[PDB]
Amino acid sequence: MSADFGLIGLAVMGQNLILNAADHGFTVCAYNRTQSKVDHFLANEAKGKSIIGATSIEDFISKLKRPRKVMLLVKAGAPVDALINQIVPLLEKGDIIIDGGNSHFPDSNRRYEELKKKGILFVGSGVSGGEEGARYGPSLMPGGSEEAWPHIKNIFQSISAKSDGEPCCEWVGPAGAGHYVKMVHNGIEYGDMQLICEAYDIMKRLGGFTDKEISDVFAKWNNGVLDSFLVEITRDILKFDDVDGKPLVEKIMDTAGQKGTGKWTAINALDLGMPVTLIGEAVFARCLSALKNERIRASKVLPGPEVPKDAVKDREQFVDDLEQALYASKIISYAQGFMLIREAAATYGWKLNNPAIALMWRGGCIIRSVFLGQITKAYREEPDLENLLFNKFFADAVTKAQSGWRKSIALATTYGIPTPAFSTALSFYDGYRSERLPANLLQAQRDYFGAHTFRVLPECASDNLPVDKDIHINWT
């Protein structure tokens, strides 16, 4: 029948995607596990647009052009498998299932291979932008069956956010790759929110700035190198007054939530053996924050330095150093993010495209920023770039940051303001640039209590201690 695609799952997110598609001249068939929301949606915001409803699953399936394109925006987990299982029999080879939910990539790897067995095409797609991003242009990160891409390309790229004419949507890669890349985006997200919160914390508890003053600093920083959506909303949150003129944010319970996609990145980093330390710290910091009552109790007993009113003499220098600390740390976190992507490409055998991934994150998504355009640029120039930090633009940024980065950390250190993300970024940076790390002692220790053996430095190879061989020493 008539409908370019259908979408099941009519939460605000999916409704806005359908609306977005309709506005771009697609006929969309809207459906849900239930009914109330279909009729209601057709009655209100879908009215007078190219949006048709459905009553049955077979009705839905019947209203869709060939090959049938079935997008799901449902809760992750078994409900995704529920729909898939009741849709497969109503389908024929070459039809396309699109999971747009925040599904864990091994599930998408599985659904991909299972559907493939039946000749059904699978697209596991990341979607980012929130409610309003879905309405006007989300970031879309499709992966799965490559042969499904020519069929969803025009729908996806038309509705996606644009960055300098270019759509924020390219084919990510095979199997669970789209959801994988969406996962990492969410890990990076956690990192950027933690880094921003540390800047706020240092200005508040160390500098003694009012929220309006910290808001103005974010206003100022957004006008420069840190230009980004998260810095904008932070600027906006910090000046937001409660009904009583007092800053609303200072009344919020300081216990961070996490639905899960953030820990997944840290876990994956661990599985893959990549040092994604900042995202790790960002996840652990939310875990720390959850422990509200334990911290109230801790605050009454554990000592720390006094923060005098005059700890910051030069407020301009303080703020300028902090900007470089935030900015350099962010560069570390993203450099770590792309190391992860680099290792996952290699381990999973996925041909992940670094410029395209950065492009897809430039707009639509929560982490959108000018900074990301600069990442796209670096990888356009060298798509084989082994680390972001080997790019001149980022190497220069990090060189310029040196003094402000270290000064802000020593300052937070001296005055007892927690900087988990700033600290781990500098430690990683200083470790990463070390030709020789103290892991030589680590190896010696291991060979000592466990005879686990060790390799010799090629420049130290000798009679005993030969190159490319596992050496054990009797240390006793």
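In case it trips you up, residue 1 is the first one in the sequence shown, and so on.
In this entry, 83-91 shows the higher mean Cα temperature factor of the pair 313-321 and 83-91. For the pair 38-46 and 438-446, the record assigns the higher mean C-alpha temperature factor to 38-46. Highest CA B-factor among 124, 191, 119, 173, as stated in the entry: 119. Across the options 396, 132, 227, 250, the residue with the most elevated CA B-factor in the record is 132. Sort the chain's modelled residues by C-alpha temperature factor and residue 180 lands in the lowest third, per the entry.
Sorting the modelled residues of the chain by their CA temperature factor places residue 263 in the middle third.
Per the deposited record, the Cα B-factor of residue 451 falls in the middle third when ranked against the other modelled residues of its chain. Ranked by C-alpha B-factor against the other modelled residues of its chain, residue 73 falls in the highest third. Annotation for residue 281: C-alpha temperature factor in the lowest third relative to the rest of the modelled chain, per the entry.
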